[PDB]
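*Asks:* this one's sequence-less:
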Ligand SMILES: [Ca+2]
Ligand SMILES: [Ca+2]
């Protein structure tokens, strides 16, 4: 399949080179997989989700995404126009409030929730969790992310937007999950992207067009935007049978574009998520 005039990030993950505009992908499109978006919620009614999104848990008064952040990230995972895995099932877990903030205790509960809830869901091609969130180092938060991964979920987390070593941020610094840095459309490390030995992979993160609340769209930037590219890619590859929840981060690193990025500090991987789709 081919989506013409795609968002640059989608085009980038299906090219060995920057500057293209078509997103090439296998038509299976993550069908049969499930991605939990652990965030401010998902506006499931957005036409871009085509009925494939639903809220399954909220830690606040409402399940509504009153911010937009979670809806944007979910759109990059699996919306029709803005998504990597255009036929995946999306599950919203609202651990962040409508200002985009959340307590670590709540974020941990949300992770524990997904590890259990997946056993109530039909996800024959596997389960992914996208965590576009984080704060300062916490062993408890890291442990929650490690548990979620261990339970059989492909966990992708944001490296953080501090232009610093991700070792000091959580869940970014948890080694066993997939820690995602951000790049821009000219293959530079995004100006804000964290770096460091704990990063597994980079994904498109600067000026990313996706869904927003009120049935709208907008472009925003962050390692929050790179993370769902990798989560969606994982879902897509799992549907194709190329990898599993336990091994996808490593598979994505194996098969990434190598050495394409600039301003990568020595000791940080120079790896950019790539679907290696060959028609
Ligand atoms: Ca290249
Ligand atoms: Ca890792």
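*Replies:* Sure thing, it's come through. Residues are numbered from 1 along each chain as shown. Ligands and ions are numbered 1, 2, ... in the order given.
*Asks:* where does residue 74 land in three-state SS?
*Replies:* With DSSP: H, G, I helix; E, B strand; the rest coil as the basis, residue 74 sits in helix.
*Asks:* so where do the helices sit in this structure?
*Replies:* 8-13, 69-78, 104-117, 139-150, 223-239, 248-254 (DSSP state H).
*Asks:* need the ones you listed in JSON lines with mean neighbour count, can you?
*Replies:* The C-beta positions use only the backbone N, C-alpha and C, and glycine is treated the same way. Formatted as JSON lines, those follow (neighbours: other CB atoms under 10 Å):
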{"stretch": "helix 8-13", "mean neighbour count": "26"}
{"stretch": "helix 69-78", "mean neighbour count": "32"}
{"stretch": "helix 104-117", "mean neighbour count": "19"}
{"stretch": "helix 139-150", "mean neighbour count": "20"}
{"stretch": "helix 223-239", "mean neighbour count": "31"}
{"stretch": "helix 248-254", "mean neighbour count": "19"}
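*Asks:* who touches residue 51 in this structure?
*Replies:* For residue 51, no residue counts as a contact, taking CB atoms under 8 Å, 6 or more residues apart in numbering as the criterion.
*Asks:* Use 628 as the first number for this chain going forward.
*Replies:* Okay, residue one is now 628; in that scheme the one you just asked about reads as residue 678.
*Asks:* Got the phi and psi for it?
*Replies:* phi 80, psi 0 (degrees, to the nearest 10).
*Asks:* Residue 655 reaches residue 866, doesn't it?
*Replies:* Yes. With contact defined as CB atoms under 8 Å, residue 655 counts as touching residue 866 (5.1 Å).
*Asks:* Please produce a markdown table containing the helices of the chain, extended by distance to residue 822.
*Replies:* Shown next, in a markdown table, are those (distance: least, CB to CB, whole Å):
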| stretch | distance to residue 822 |
| --- | --- |
| helix 635-640 | 19 |
| helix 696-705 | 21 |
| helix 731-744 | 23 |
| helix 766-777 | 18 |
| helix 850-866 | 10 |
| helix 875-881 | 15 |
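*Asks:* Can you tell me the centre-most residue of the protein?
*Replies:* Nearest to the mean C-alpha position of the chain, by CA atoms, centre = their mean, lies residue 855 at 1.9 Å.
*Asks:* Next, work out how far apart that residue and ligand 1 are.
*Replies:* Counting by CB to the ion, to the nearest Å, the separation of residue 855 from ligand 1 is 22 Å.
*Asks:* Let me know whether that residue touches residue 706 as I believe.
*Replies:* No. Taking contacts as CB under 8 Å, residue 855 lies outside contact range of residue 706: 10.0 Å.
*Asks:* ok, which stretches of the stretch 678-827 of the chain are strands?
*Replies:* For the stretch 678-827 of the chain, the strands defined by DSSP state E, counting those that start in this stretch occupy 680-685, 716-721, 753-758, 762-763, 780-785, 796-797, 805-810.
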